[PDB]
Novice: 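I'd like to ask some things about the structure below.
All heavy atoms count here, side chains included; hydrogens, waters and symmetry mates do not. Convention: sequence-line order gives letters A, B, ...; per-chain numbering from 1. Whatever order the structure lists ligands and atoms in, that order sets their numbers, starting from 1.
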There are 2 protein chains.
Amino acid sequence: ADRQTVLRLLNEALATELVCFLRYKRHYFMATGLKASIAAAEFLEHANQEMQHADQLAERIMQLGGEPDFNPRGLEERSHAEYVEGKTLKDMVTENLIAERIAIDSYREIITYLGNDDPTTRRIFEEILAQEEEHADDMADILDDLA
Amino acid sequence: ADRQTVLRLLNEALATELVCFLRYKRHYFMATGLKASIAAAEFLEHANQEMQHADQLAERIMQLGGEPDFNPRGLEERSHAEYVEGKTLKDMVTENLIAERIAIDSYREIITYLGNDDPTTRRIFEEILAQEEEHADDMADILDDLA
Ligand SMILES: [Fe+2]
Ligand SMILES: [Fe+2]
Ligand SMILES: [Fe+2]
Ligand SMILES: [Fe+2]
């Protein structure tokens, strides 16, 4: 694989995970204000899992001799997912489902781009992808009870 | 106290803690690349403590009927501390000491501004201030062994 291209894709994924962490933290706090207990619990669980994903990505960046970009200024422009506050609980759940589906689609594209060229990095994306699918299922379950 | 002014100061402190979290996470990963084990450990411990501070601040914002601003785009402009990468270990340690001293000075100013007008919020800042003093001592201890 091209080392620089893999490092850029890892840093884009890192930005995605950090944006999703911040968005889920926002939603957790707002959900506590609505007394939406299980939604809040899922938002916080998901936030901490996104930070675990960020950690795995940054560790791989270090292993490949790159530098992980945690600068908040450019995060949104490196991330495929958006930071969106929303107003209602339904808005927040919908925005998280949108973001998880974006992350899923982006990680599938990265896995295909990598092919057989960097198996270690590929497996990291495969593991994260599987957990984003669980995140999306979690959000869909809540969203269906709000429709 | 003026509720809106207290909410703004809480959101500025929240941004400060989030910037410091991101900067310490950057430094942790770079320090692992340098095999600077105890510096890395302190950077990560400090990062997770800054996120605990952020959580306490956001919880108080919710209690006062405000909204905690986790948007990464404007974080640096709301934060008194800066996100600074540095190049060497000494640079990173120095930047964290600078940032802790900034946070300490800003939190002392906030505590004086609050006076007796919002004791709950004041005590939150007092608790965080005490831990930032410990963070600064930790960084100074490392920095002196690098001088
Ligand atoms: Fe993730
Ligand atoms: Fe996710
Ligand atoms: Fe702090
Ligand atoms: Fe600190």
Novice: Can you tell me which N/O/S atom of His135(A) has the shortest distance to the Fe ion (ligand 2)?
Specialist: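 Going by distance to the Fe ion (ligand 2), the closest N, O or S atom in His135(A) is ND1.
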Novice: Verify the cluster assignment for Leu97(A) and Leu129(A): are they in a single hydrophobic cluster under the rule of side-chain heavy atoms below 4.5 Å apart?
Specialist: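 The answer is yes; both residues are in one hydrophobic cluster.
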Novice: Looking at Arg108(A) and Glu133(A), does any basic side-chain N land under 4.0 Å from a carboxylate oxygen?
Specialist: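 A salt bridge links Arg108(A) with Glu133(A).
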Novice: Around atom CG of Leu34(A), are there more than 12 heavy atoms of other residues, nucleotides or ligands at under 6.0 Å?
Specialist: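 Count over threshold, so yes.
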Novice: Does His53(B) bring an N, O or S atom to within less than 2.8 Å of the Fe ion (ligand 3)?
Specialist: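 Looking at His53(B), which is the residue asked about, there is an N, O or S atom under 2.8 Å from the Fe ion (ligand 3).
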Novice: Quick check: of its N, O or S atoms, which one does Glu132(B) have closest to the Fe ion (ligand 4)?
Specialist: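 For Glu132(B), the N, O or S atom at the smallest distance from the Fe ion (ligand 4) is OE1.
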Novice: Restricting to non-hydrogen atoms, name the atom on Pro68(A) and the atom on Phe29(B) that form the minimum distance, rounded to 0.1 Å.
Specialist: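 Smallest interatomic distance, heavy atoms only, reads CG-CB, 3.8 Å.
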Novice: Please give the atom name: the N, O or S atom of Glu50(A) nearest to the Fe ion (ligand 2).
Specialist: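 Relative to the Fe ion (ligand 2), the closest nitrogen, oxygen or sulfur of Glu50(A) carries the name OE2.
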Novice: I'd like to know: is the Fe ion (ligand 4) within the 2.8 Å range of an N/O/S atom from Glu17(B), strictly under that distance?
Specialist: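 No.
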Novice: Taking 4.0 angstrom as the limit, do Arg23(A) and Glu95(A) come out as a salt bridge?
Specialist: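 No, no charged N to carboxylate O under 4.0 Å.
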